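Engineer: File name protein.csv; file contents CSV, C-alpha atoms; full text below.
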```csv
chain,number,residue,atom,x,y,z
A,1,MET,CA,19.9,-18.2,-7.0
A,2,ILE,CA,19.1,-18.3,-3.2
A,3,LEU,CA,17.3,-15.0,-3.6
A,4,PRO,CA,16.1,-14.4,-7.2
A,5,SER,CA,15.3,-10.8,-6.3
A,6,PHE,CA,15.7,-8.2,-3.5
A,7,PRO,CA,15.0,-4.5,-3.0
A,8,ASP,CA,17.7,-1.9,-3.3
A,9,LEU,CA,18.7,-0.8,0.2
A,10,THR,CA,19.6,2.8,0.7
A,11,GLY,CA,20.5,4.8,3.8
A,12,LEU,CA,20.9,8.2,5.5
A,13,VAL,CA,23.1,9.1,8.5
A,14,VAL,CA,21.7,12.1,10.4
A,15,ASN,CA,23.7,14.0,12.9
A,16,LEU,CA,21.7,16.5,15.0
A,17,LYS,CA,22.5,18.8,17.9
A,18,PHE,CA,20.9,19.1,21.3
A,19,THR,CA,19.9,22.5,22.6
A,20,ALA,CA,18.1,21.3,25.7
A,21,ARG,CA,18.7,19.0,28.7
A,22,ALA,CA,17.4,15.7,27.4
A,23,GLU,CA,17.4,12.2,29.0
A,24,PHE,CA,16.9,8.9,27.2
A,25,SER,CA,16.2,5.4,28.2
A,26,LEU,CA,18.8,2.7,28.0
A,27,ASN,CA,17.6,1.5,24.5
A,28,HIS,CA,16.9,4.4,22.1
A,29,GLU,CA,15.0,2.6,19.3
A,30,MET,CA,11.6,3.4,20.9
A,31,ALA,CA,12.0,7.2,21.2
A,32,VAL,CA,13.5,7.5,17.7
A,33,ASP,CA,10.8,5.3,16.3
A,34,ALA,CA,8.1,7.4,17.9
A,35,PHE,CA,9.9,10.5,16.6
A,36,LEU,CA,9.8,9.3,13.0
A,37,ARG,CA,6.2,8.1,13.4
A,38,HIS,CA,4.9,11.5,14.8
A,39,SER,CA,7.0,13.3,12.2
A,40,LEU,CA,6.5,11.5,8.9
A,41,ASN,CA,2.9,10.1,9.5
A,42,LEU,CA,3.0,7.5,6.7
A,43,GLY,CA,0.6,5.0,8.3
A,44,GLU,CA,1.0,1.4,7.3
A,45,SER,CA,3.7,1.6,4.6
A,46,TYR,CA,6.3,2.8,7.1
A,47,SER,CA,6.5,-0.8,8.3
A,48,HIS,CA,7.3,-2.1,4.8
A,49,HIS,CA,10.0,0.4,3.7
A,50,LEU,CA,11.9,1.8,6.6
A,51,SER,CA,14.2,0.7,9.5
A,52,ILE,CA,16.3,2.4,12.2
A,53,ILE,CA,19.8,1.9,13.5
A,54,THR,CA,20.7,3.8,16.7
A,55,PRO,CA,24.4,3.7,17.4
A,56,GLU,CA,24.1,5.4,20.8
A,57,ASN,CA,22.9,3.0,23.5
A,58,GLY,CA,23.5,2.9,27.2
A,59,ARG,CA,24.2,6.7,27.5
A,60,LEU,CA,21.3,7.9,29.7
A,61,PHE,CA,21.9,11.6,30.7
A,62,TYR,CA,22.7,13.8,27.7
A,63,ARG,CA,23.5,17.5,27.8
A,64,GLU,CA,23.6,20.7,25.8
A,65,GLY,CA,26.3,20.8,23.2
A,66,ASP,CA,26.2,17.0,22.8
A,67,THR,CA,25.2,15.6,19.4
A,68,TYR,CA,23.3,12.5,18.3
A,69,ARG,CA,23.7,10.2,15.2
A,70,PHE,CA,21.4,7.6,13.8
A,71,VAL,CA,20.8,5.8,10.5
A,72,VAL,CA,17.6,5.4,8.5
A,73,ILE,CA,17.4,2.6,6.0
A,74,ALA,CA,14.9,2.5,3.1
A,75,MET,CA,13.9,-0.2,0.7
A,76,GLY,CA,12.3,-0.2,-2.7
A,77,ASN,CA,12.6,1.2,-6.2
A,78,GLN,CA,11.8,4.8,-7.2
A,79,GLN,CA,10.7,5.8,-3.7
A,80,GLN,CA,10.1,9.4,-2.7
A,81,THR,CA,10.1,8.8,1.1
A,82,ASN,CA,13.7,10.2,1.2
A,83,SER,CA,12.6,13.3,-0.7
A,84,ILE,CA,9.9,14.4,1.7
A,85,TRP,CA,12.1,13.2,4.6
A,86,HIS,CA,14.8,15.6,3.4
A,87,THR,CA,12.4,18.5,2.9
A,88,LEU,CA,10.9,18.1,6.3
A,89,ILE,CA,14.2,17.3,8.1
A,90,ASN,CA,16.0,20.5,6.8
A,91,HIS,CA,13.7,22.8,8.8
A,92,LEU,CA,13.9,20.7,12.0
A,93,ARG,CA,15.2,23.5,14.2
A,94,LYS,CA,13.7,23.0,17.7
A,111,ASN,CA,14.5,20.1,21.7
A,112,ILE,CA,16.4,19.2,18.5
A,113,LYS,CA,18.8,21.1,16.2
A,114,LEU,CA,20.5,19.9,13.0
A,115,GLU,CA,24.1,19.5,12.3
A,116,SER,CA,24.3,17.5,9.0
A,117,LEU,CA,23.1,14.6,6.9
A,118,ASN,CA,25.4,12.1,5.0
A,119,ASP,CA,24.6,9.5,2.4
A,120,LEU,CA,25.3,6.0,3.8
A,121,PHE,CA,27.1,4.3,0.9
A,122,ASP,CA,28.9,7.1,-1.0
A,123,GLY,CA,29.7,9.0,2.1
A,124,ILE,CA,29.3,12.4,0.4
A,125,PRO,CA,26.9,14.9,2.2
A,126,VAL,CA,23.2,15.0,1.5
A,127,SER,CA,23.5,17.7,-1.1
A,128,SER,CA,23.1,16.8,-4.8
A,129,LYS,CA,20.5,14.2,-3.9
A,130,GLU,CA,19.0,13.4,-7.3
A,131,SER,CA,19.8,9.7,-6.9
A,132,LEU,CA,21.5,7.8,-4.1
A,133,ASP,CA,23.7,4.7,-4.3
A,134,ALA,CA,21.9,1.3,-4.7
A,135,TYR,CA,23.1,-1.7,-2.7
A,136,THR,CA,22.1,-4.1,-5.4
A,137,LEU,CA,21.9,-7.9,-4.8
A,138,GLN,CA,24.8,-8.5,-7.1
A,139,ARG,CA,26.9,-6.1,-5.0
A,140,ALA,CA,26.0,-8.3,-1.9
A,141,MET,CA,27.0,-11.4,-3.8
A,142,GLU,CA,30.3,-9.7,-4.8
A,143,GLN,CA,31.1,-8.5,-1.3
A,144,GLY,CA,30.5,-12.0,0.0
A,145,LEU,CA,32.3,-14.0,-2.7
A,146,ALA,CA,35.4,-11.9,-2.8
A,147,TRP,CA,35.5,-12.1,1.0
A,148,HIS,CA,35.3,-15.9,0.7
A,149,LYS,CA,38.1,-15.9,-1.9
A,150,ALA,CA,40.3,-13.7,0.3
A,151,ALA,CA,39.6,-15.7,3.4
A,152,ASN,CA,39.5,-19.4,2.4
A,153,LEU,CA,42.4,-21.7,3.4
A,154,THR,CA,40.0,-24.7,3.7
A,155,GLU,CA,41.8,-25.6,7.0
A,156,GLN,CA,40.8,-22.7,9.2
A,157,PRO,CA,38.2,-22.2,11.9
A,158,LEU,CA,37.4,-18.7,10.7
A,159,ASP,CA,35.9,-17.5,14.0
A,160,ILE,CA,34.0,-14.2,13.8
A,161,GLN,CA,32.3,-12.7,16.9
A,162,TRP,CA,28.6,-11.8,16.9
A,163,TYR,CA,27.4,-8.8,18.9
A,164,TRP,CA,23.8,-7.9,19.3
A,165,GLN,CA,22.1,-4.5,19.3
A,166,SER,CA,20.8,-5.3,22.9
A,167,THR,CA,17.5,-6.9,21.6
A,168,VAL,CA,16.3,-9.7,19.4
A,169,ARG,CA,13.0,-11.8,19.6
A,170,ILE,CA,13.1,-15.2,17.9
A,171,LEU,CA,11.2,-18.4,18.5
A,172,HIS,CA,13.0,-21.6,19.4
A,173,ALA,CA,11.8,-24.2,16.8
A,174,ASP,CA,8.6,-22.0,16.6
A,175,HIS,CA,7.4,-23.9,19.7
A,176,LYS,CA,3.6,-23.6,20.1
A,177,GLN,CA,3.8,-25.7,23.2
A,178,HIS,CA,5.2,-23.2,25.7
A,179,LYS,CA,2.4,-20.7,24.7
A,180,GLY,CA,3.3,-17.3,26.1
A,181,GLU,CA,6.3,-15.1,27.0
A,182,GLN,CA,8.3,-18.3,27.5
A,183,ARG,CA,8.1,-19.0,23.7
A,184,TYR,CA,11.2,-16.9,23.0
A,185,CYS,CA,14.9,-17.7,23.2
A,186,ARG,CA,16.6,-16.6,26.5
A,187,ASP,CA,19.8,-18.6,26.9
A,188,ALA,CA,22.6,-20.2,25.0
A,189,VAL,CA,21.2,-23.7,24.7
A,190,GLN,CA,18.2,-22.5,22.7
A,191,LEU,CA,20.6,-21.1,20.1
A,192,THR,CA,20.5,-23.6,17.2
A,193,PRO,CA,22.6,-22.8,14.1
A,194,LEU,CA,19.9,-24.3,11.8
A,195,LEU,CA,17.3,-22.2,13.7
A,196,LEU,CA,19.2,-19.0,13.1
A,197,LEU,CA,19.7,-19.7,9.5
A,198,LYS,CA,16.1,-20.7,9.1
A,199,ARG,CA,14.9,-17.4,10.7
A,200,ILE,CA,17.3,-15.4,8.5
A,201,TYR,CA,15.9,-17.2,5.4
A,202,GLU,CA,12.3,-16.5,6.7
A,203,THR,CA,12.9,-12.7,7.0
A,204,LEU,CA,14.7,-12.4,3.6
A,205,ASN,CA,12.0,-14.4,1.9
A,206,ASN,CA,9.3,-12.3,3.5
A,207,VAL,CA,10.9,-9.1,2.3
A,208,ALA,CA,11.4,-10.6,-1.2
A,209,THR,CA,7.8,-11.8,-1.4
A,210,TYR,CA,6.2,-8.6,-0.3
A,211,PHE,CA,7.5,-6.9,-3.5
A,222,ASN,CA,10.3,-25.0,-2.3
A,223,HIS,CA,13.5,-26.9,-2.9
A,224,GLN,CA,15.7,-24.1,-1.5
A,225,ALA,CA,14.6,-24.5,2.2
A,226,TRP,CA,15.8,-28.1,1.9
A,227,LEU,CA,19.3,-27.3,0.8
A,228,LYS,CA,20.1,-25.0,3.7
A,229,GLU,CA,19.2,-27.8,6.1
A,230,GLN,CA,22.1,-29.9,4.8
A,231,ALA,CA,24.7,-27.1,4.6
A,232,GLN,CA,24.9,-26.2,8.3
A,233,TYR,CA,28.6,-26.4,9.3
A,234,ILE,CA,28.6,-23.4,11.6
A,235,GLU,CA,29.0,-23.5,15.4
A,236,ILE,CA,28.2,-21.4,18.4
A,237,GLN,CA,31.2,-21.0,20.8
A,238,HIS,CA,31.6,-19.4,24.2
A,239,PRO,CA,28.1,-17.8,24.3
A,240,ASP,CA,27.3,-14.9,26.6
A,241,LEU,CA,23.6,-14.1,26.0
A,242,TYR,CA,21.0,-13.0,28.6
A,243,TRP,CA,17.5,-11.5,28.9
A,244,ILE,CA,16.6,-7.8,29.2
A,245,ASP,CA,13.0,-6.8,29.8
A,246,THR,CA,12.4,-3.2,28.7
A,247,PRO,CA,9.9,-1.3,30.9
A,258,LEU,CA,8.6,-5.9,26.2
A,259,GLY,CA,11.4,-8.4,26.1
A,260,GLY,CA,14.7,-9.3,24.4
A,261,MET,CA,18.0,-11.1,24.6
A,262,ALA,CA,21.3,-9.4,24.4
A,263,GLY,CA,25.0,-10.5,24.3
A,264,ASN,CA,27.7,-11.9,22.1
A,265,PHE,CA,28.8,-15.3,20.8
A,266,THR,CA,31.7,-16.6,18.7
A,267,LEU,CA,30.3,-17.9,15.5
A,268,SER,CA,32.7,-20.4,13.9
A,269,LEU,CA,32.8,-21.4,10.3
A,270,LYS,CA,33.9,-24.7,8.8
A,271,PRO,CA,35.5,-24.8,5.3
A,272,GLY,CA,32.7,-26.5,3.3
A,273,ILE,CA,30.5,-23.3,3.4
A,274,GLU,CA,29.8,-21.6,0.1
A,275,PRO,CA,29.6,-17.8,-0.5
A,276,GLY,CA,25.8,-18.1,-0.8
A,277,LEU,CA,25.3,-18.4,2.9
A,278,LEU,CA,27.6,-15.4,3.4
A,279,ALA,CA,25.5,-13.3,1.2
A,280,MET,CA,22.5,-14.0,3.4
A,281,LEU,CA,24.6,-13.1,6.5
A,282,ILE,CA,25.7,-9.8,5.1
A,283,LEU,CA,22.2,-8.8,3.8
A,284,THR,CA,20.6,-9.7,7.1
A,285,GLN,CA,23.2,-7.5,8.8
A,286,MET,CA,21.0,-4.7,7.6
A,287,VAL,CA,17.5,-6.1,7.0
A,288,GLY,CA,17.3,-7.8,10.4
A,289,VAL,CA,16.2,-11.0,12.0
A,290,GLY,CA,13.4,-11.7,14.5
A,291,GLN,CA,9.9,-10.5,15.4
A,292,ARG,CA,9.0,-6.9,14.9
A,293,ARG,CA,12.1,-5.6,13.0
A,294,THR,CA,10.1,-2.4,12.1
A,295,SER,CA,10.8,-1.0,15.5
A,296,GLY,CA,14.5,-1.5,14.8
A,297,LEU,CA,14.8,-4.6,16.9
A,298,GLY,CA,16.8,-7.6,15.7
A,299,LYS,CA,20.0,-6.2,14.2
A,300,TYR,CA,23.6,-7.1,15.0
A,301,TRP,CA,27.1,-6.6,13.9
A,302,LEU,CA,30.1,-9.0,13.3
A,303,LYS,CA,33.7,-8.1,13.7
A,304,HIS,CA,35.9,-10.5,11.6
A,305,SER,CA,39.2,-11.9,12.7
A,306,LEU,CA,42.1,-9.5,12.8
A,307,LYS,CA,45.2,-9.2,10.5
A,308,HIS,CA,42.9,-9.8,7.4
A,309,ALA,CA,43.5,-7.9,4.2
A,310,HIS,CA,41.5,-4.7,4.6
A,311,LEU,CA,38.1,-5.4,2.9
A,312,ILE,CA,35.2,-3.4,4.2
A,313,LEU,CA,31.8,-4.6,2.8
A,314,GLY,CA,28.3,-3.3,3.0
A,315,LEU,CA,28.2,-1.2,6.2
A,316,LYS,CA,31.3,0.6,7.4
A,317,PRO,CA,32.3,0.2,11.1
A,318,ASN,CA,33.4,3.9,11.3
A,319,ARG,CA,30.0,5.2,10.0
A,320,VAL,CA,27.6,3.5,12.4
A,321,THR,CA,29.3,4.7,15.6
A,322,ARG,CA,28.5,7.2,18.4
A,323,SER,CA,29.0,10.8,17.3
A,324,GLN,CA,30.6,11.9,20.5
A,325,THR,CA,32.7,9.0,21.7
A,326,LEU,CA,33.1,8.0,25.4
A,327,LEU,CA,36.6,9.4,25.7
A,328,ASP,CA,35.4,12.9,24.9
A,329,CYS,CA,32.8,12.5,27.6
A,330,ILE,CA,35.6,11.5,29.9
A,331,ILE,CA,37.6,14.7,29.2
A,332,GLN,CA,34.7,17.0,29.6
A,333,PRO,CA,35.7,19.5,32.4
A,334,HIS,CA,32.7,19.3,34.8
A,335,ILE,CA,33.0,15.6,35.1
A,336,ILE,CA,36.7,15.9,35.9
A,337,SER,CA,35.9,18.5,38.6
A,338,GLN,CA,33.3,16.2,40.0
A,339,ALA,CA,35.9,13.4,40.1
A,340,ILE,CA,38.4,15.7,41.9
A,341,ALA,CA,35.7,16.5,44.5
A,342,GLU,CA,34.9,12.8,44.9
A,343,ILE,CA,38.4,11.4,45.3
A,344,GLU,CA,39.9,14.1,47.6
A,345,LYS,CA,38.4,12.6,50.8
A,346,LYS,CA,41.0,9.7,51.2
A,347,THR,CA,43.5,11.5,48.9
A,348,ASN,CA,46.5,11.5,51.4
A,349,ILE,CA,47.9,14.3,49.3
A,350,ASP,CA,51.5,15.3,50.1
A,351,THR,CA,52.7,17.4,47.1
A,352,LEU,CA,51.8,20.7,45.4
A,353,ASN,CA,48.4,20.7,43.9
A,354,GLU,CA,48.9,23.2,41.0
A,355,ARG,CA,51.3,20.6,39.4
A,356,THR,CA,48.6,18.0,39.8
A,357,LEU,CA,46.0,20.2,38.0
A,358,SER,CA,48.6,21.1,35.3
A,359,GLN,CA,49.3,17.3,35.0
A,360,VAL,CA,45.6,16.4,34.6
A,361,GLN,CA,45.1,19.2,32.1
A,362,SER,CA,48.2,18.0,30.1
A,363,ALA,CA,47.0,14.4,30.2
A,364,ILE,CA,43.6,15.7,29.0
A,365,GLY,CA,45.4,17.2,26.1
A,366,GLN,CA,47.3,13.9,25.5
A,367,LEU,CA,44.1,11.9,25.6
A,368,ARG,CA,42.5,14.2,23.1
A,369,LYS,CA,45.7,13.8,21.0
A,370,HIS,CA,45.3,10.0,21.4
A,371,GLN,CA,48.9,9.7,22.7
A,372,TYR,CA,48.5,9.0,26.4
A,373,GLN,CA,50.5,6.3,28.2
A,374,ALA,CA,49.6,5.3,31.8
A,375,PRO,CA,52.0,5.4,34.7
A,376,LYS,CA,53.1,2.1,36.4
A,377,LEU,CA,51.9,1.4,39.9
A,378,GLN,CA,53.8,2.3,43.1
A,379,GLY,CA,53.8,0.5,46.4
A,380,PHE,CA,53.2,2.7,49.5
A,381,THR,CA,52.8,1.7,53.1
A,382,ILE,CA,49.7,2.9,54.8
A,389,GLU,CA,51.0,-1.4,58.7
A,390,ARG,CA,49.8,-3.0,55.5
A,391,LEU,CA,51.4,-2.3,52.1
A,392,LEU,CA,49.1,-1.1,49.3
A,393,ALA,CA,50.0,-0.6,45.7
A,394,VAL,CA,48.4,2.5,44.1
A,395,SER,CA,49.0,4.7,41.1
A,396,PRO,CA,49.9,8.4,41.2
A,397,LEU,CA,46.9,10.5,42.2
A,398,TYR,CA,46.3,12.2,38.9
A,399,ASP,CA,45.8,8.9,37.1
A,400,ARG,CA,43.6,7.8,40.0
A,401,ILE,CA,41.6,11.0,39.3
A,402,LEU,CA,41.2,10.0,35.6
A,403,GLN,CA,40.1,6.5,36.6
A,404,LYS,CA,37.5,7.9,39.0
A,405,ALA,CA,36.2,10.2,36.2
A,406,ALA,CA,35.8,7.2,33.9
A,407,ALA,CA,33.9,5.4,36.7
A,408,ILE,CA,31.6,8.4,37.3
A,409,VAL,CA,30.8,8.4,33.5
A,410,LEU,CA,30.2,4.6,33.3
A,411,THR,CA,28.1,4.2,36.5
A,412,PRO,CA,24.5,5.2,35.3
A,413,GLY,CA,24.4,2.9,32.3
A,414,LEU,CA,25.8,-0.1,34.1
A,415,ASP,CA,23.4,0.4,37.0
A,416,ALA,CA,20.4,0.6,34.7
A,417,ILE,CA,21.5,-2.5,32.8
A,418,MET,CA,22.0,-4.4,36.1
A,419,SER,CA,18.5,-3.4,37.2
A,420,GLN,CA,16.9,-4.4,33.9
A,421,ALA,CA,18.6,-7.8,33.5
A,422,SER,CA,18.4,-11.4,34.8
A,423,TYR,CA,21.6,-11.2,36.7
A,424,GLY,CA,20.1,-8.4,38.7
A,425,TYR,CA,20.5,-7.3,42.3
A,426,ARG,CA,17.2,-7.1,44.1
A,427,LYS,CA,17.1,-4.0,46.2
A,428,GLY,CA,13.7,-4.5,47.7
A,429,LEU,CA,14.0,-8.0,49.1
A,430,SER,CA,11.0,-9.9,50.2
A,431,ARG,CA,12.1,-11.0,53.6
A,432,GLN,CA,9.9,-14.2,53.7
A,433,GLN,CA,11.2,-15.1,50.2
A,434,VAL,CA,14.8,-14.5,51.2
A,435,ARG,CA,14.5,-16.6,54.4
```
Rewrite the structure of this file - the entire thing - as structure tokens.

Structural biologist:
Amino acid sequence: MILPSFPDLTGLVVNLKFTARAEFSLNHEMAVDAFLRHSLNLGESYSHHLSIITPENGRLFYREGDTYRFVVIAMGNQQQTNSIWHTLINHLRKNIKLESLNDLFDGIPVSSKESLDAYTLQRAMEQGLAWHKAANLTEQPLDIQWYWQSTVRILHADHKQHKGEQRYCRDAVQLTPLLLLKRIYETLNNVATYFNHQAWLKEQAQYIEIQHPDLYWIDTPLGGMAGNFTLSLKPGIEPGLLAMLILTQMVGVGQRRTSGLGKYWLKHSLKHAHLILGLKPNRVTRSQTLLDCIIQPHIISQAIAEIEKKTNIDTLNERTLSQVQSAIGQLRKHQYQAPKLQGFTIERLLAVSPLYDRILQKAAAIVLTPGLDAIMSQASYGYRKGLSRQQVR
């Protein structure tokens, strides 16, 4: 009754191969958005029907042999956007290759695409109400953690007073539970009305709380706020609010959601009975995970070259290389178990691990350095390399 109607969400997961040396920015929604706009050329209606999820973020320097995965979400009834999208995307061979396409809900590959599965509103209500039934003790805090997709743009009480770039939320204190629920209702009602008593009721039924926030401001060379917070649930909440939460997990919240901004994910409390609803956490995930990038051979050779300066090696090196290769096999097998530390005198006594595990750690640091450096440069808690000497004094 909260939403008397809604469009039928549908999705595609596209996995594509790289045949060239390509480098992205830290957030990838702009490049993929421009790709679909220069490819499809739909005009205005692309704003009304489509949205983009890019699982890969924070990986700057790609390479040949590395894949890429992203999700396109479509709304409406009897649309043919997916048909022309399929026909144009099949021949996309260079740069960009193509590995595969997979339907978002059924999971079967793109073939036999006469009709795709429809995330009907009743299914959203079911996947919310059954979750409520299987998670209600009426004396539980029901904490679930909320992770952003690195950007969202909302207005704190829709303040006209501040009048500019300051009008957006940029810290924890501006996060108001009623404000978030009001913005969610605004977006859902906009999408419903494209194709009142209610806004009063949602003012009374706010029981939720924001705990231990870590949110900050990132300015894309635009603006947005990124981070996580523990959203906590009091027992008096009804499944109707949960339905809005789960649908807005895909539709989005905030200004300019057409460019893919303003989506999130939520990881419920552990040890629950396995109930996966709406979007599956194993589908919207980086195609080549970070650990595979750790075990790629040239990075490991780079790490070996980096660490050997203060190595103080005393044993045979062929066994070290056989050990790192065997540990690479174990990591690929997902069975590795780290050695415990050992305390060596240098004078002072220092506790270090065996050198091959040190090599693996240096390899992980080499992989992680560029993304973290780019996120420290583009954020509020940023080092300032070029210091204004008068300003610093």

Engineer: Set out as JSON lines a contact list for region 314-422 of chain A and region 244-275 of chain A with a cut-off of 7 Å, giving each residue of region 314-422 of chain A that qualifies its closest atom pair and distance in Å to one decimal, counting all atoms listed in the file, ordered by chain and rising residue number.

Structural biologist:
```
{"residue": "A:420", "atom": "CA", "partner": "A:244", "partner_atom": "CA", "distance": 5.8}
{"residue": "A:421", "atom": "CA", "partner": "A:244", "partner_atom": "CA", "distance": 4.7}
{"residue": "A:422", "atom": "CA", "partner": "A:244", "partner_atom": "CA", "distance": 6.9}
```

Engineer: What is the CA of residue 153 (chain A) to CA of residue 304 (chain A) distance in Å?

Structural biologist: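 A separation of 15.3 Å between them.
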
Engineer: May I have a table of the residues of region 261-324 of chain A lying at most 6 Å from region 128-150 of chain A, giving each one's closest pair of atoms and their distance in Å to one decimal, counting all atoms listed in the file, ordered by chain and ascending residue number, as JSON lines?

Structural biologist:
```
{"residue": "A:275", "atom": "CA", "partner": "A:145", "partner_atom": "CA", "distance": 5.2}
{"residue": "A:278", "atom": "CA", "partner": "A:144", "partner_atom": "CA", "distance": 5.6}
{"residue": "A:279", "atom": "CA", "partner": "A:144", "partner_atom": "CA", "distance": 5.3}
{"residue": "A:313", "atom": "CA", "partner": "A:143", "partner_atom": "CA", "distance": 5.7}
```

Engineer: Neighbours of residue 337 (chain A) within 12 Å (all atoms listed in the file; same-chain residues fewer than 4 positions away dropped), as an MDAnalysis selection string?

Structural biologist: chainID A and resid 330:333 341:344 357 360:361 401:402 404:405 408

Engineer: List as a ChimeraX atom specification the protein and nucleic acid residues near residue 414 (chain A), meaning an atom at most 8 Å away when all atoms listed in the file are counted, but skip any in the same chain fewer than 4 places from it.

Structural biologist: /A:58,410,418

Engineer: Keeping only C-alpha atoms, write those residues as a tab-separated table (two decimals), in the coordinates of the input.

Structural biologist:
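And here's out14.tsv as it stands now:
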```tsv
chain	number	residue	atom	x	y	z
A	58	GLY	CA	23.50	2.90	27.20
A	410	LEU	CA	30.20	4.60	33.30
A	418	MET	CA	22.00	-4.40	36.10
```

Engineer: To one decimal in Å, tell me the separation between CA of residue 367 (chain A) and CA of residue 324 (chain A).

Structural biologist: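 Straight-line distance from CA of residue 367 (chain A) to CA of residue 324 (chain A) works out to 14.4 Å.
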
Engineer: Env of residue 315 (chain A): 9 Å cut, atoms = only C-alpha atoms, seq-sep filter 6 positions within chain, self excluded. Answer as a PyMOL selection string.

Structural biologist: chain A and resi 120-121+285-286
